[PDB]
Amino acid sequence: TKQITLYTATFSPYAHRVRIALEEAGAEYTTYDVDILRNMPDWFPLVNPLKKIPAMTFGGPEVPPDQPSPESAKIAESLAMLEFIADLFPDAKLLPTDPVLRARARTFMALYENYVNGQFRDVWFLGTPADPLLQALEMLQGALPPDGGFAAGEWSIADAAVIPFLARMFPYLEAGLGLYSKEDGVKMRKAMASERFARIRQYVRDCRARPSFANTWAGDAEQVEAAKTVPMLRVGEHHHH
């Protein structure tokens, strides 16, 4: 009964996480785009004082999203929102019930956030060498069940946390978007197509095939165009060596 509003942006893989989870929960919710990196509305700090997307309001009176209510709960940080949606919709089984399988899901989320995300950031925003990123991706791939399935076996919020980033990698590379050089762009594209990374390719296909991805994805070319609006992706710019 309590309303959910997700403040979103098409380029934001963090917001994408939460859209995927809300779809998997079968939740009723509103999305509201915010041009957070170029033209933040003056009211936005009322829903998130950190001034980041995603932001979520929960409950309170129904109001237009650009007139947030002080009575709604203000929830920040995408992974906290993922666990929140699992808590709100237990019958949707967005986590396993078995403690050890739940821990696989939490561990996978931590592996991505602690060791992989920053490597994506270094390569895409600074143009540092790709090898440490490929190494981190091989580590993450190693945590998947080798014979198939999602991070914790059945689909869980762990896969909502990770697919937005992995799914952007291939189309961004194909467009040459990011501060890495052509040489590293080619090296990454080759690596990600090689048998070294067959398992994570299967993982990306399996996550993308679910309705929760299809219904929250603009299309590869459309996502690339939204990403080009990101100031620190510096479209047209590349660092070398």
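What we label the rigid core is the largest C-alpha set whose atoms superpose within 1.5 Å from one form to the other. A residue's number is simply how far along the shown sequence it sits, counting from 1.
Of 170-178 and 35-43, which departs more from this form in 8 other deposited structures of this protein by CA RMS after core fitting: Between the two stretches, 35-43 moves farther in 8 other deposited structures of this protein.
Which of 216-224 and 229-237 lies farther, on average, from the shown form in 8 other deposited structures of this protein once the rigid core is superposed (C-alpha RMS)? If we average over structures and residues in 8 other deposited structures of this protein, the farther stretch is 229-237.
Of 115-123 and 68-76, the one with larger mean CA B-factor: The entry gives the higher C-alpha B-factor average to 68-76.
Higher average CA B factor in the deposited record is what I'm after, so tell me if that's 213-221 or 7-15. Per the PDB entry, the higher value belongs to 213-221.
Identify, among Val63, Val34, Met56, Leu179, the residue whose C-alpha carries the highest B-factor in the deposited PDB entry. Highest C-alpha B-factor among the listed options: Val63.
So where's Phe108 on the chain's Cα temperature factor ranking, which third? For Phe108, the deposited C-alpha B-factor lands in the lowest third.
Looking at the temperature factor on the CA atom of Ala227, which third of the chain's modelled residues does it land in? Within its chain, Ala227 is a lowest-third residue by C-alpha B-factor, going by the deposited values.
Chain-relative CA temperature factor third for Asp147: For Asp147, the deposited C-alpha B-factor lands in the highest third.
Third assignment of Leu50 from its chain's C-alpha B-factors: Its C-alpha B-factor, which the entry lists for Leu50, ranks in the middle third among residues of this chain.
By the recorded C-alpha temperature factor, relative to the other modelled residues in its chain, which third is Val204 in? Lowest third of the chain for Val204's C-alpha B-factor.
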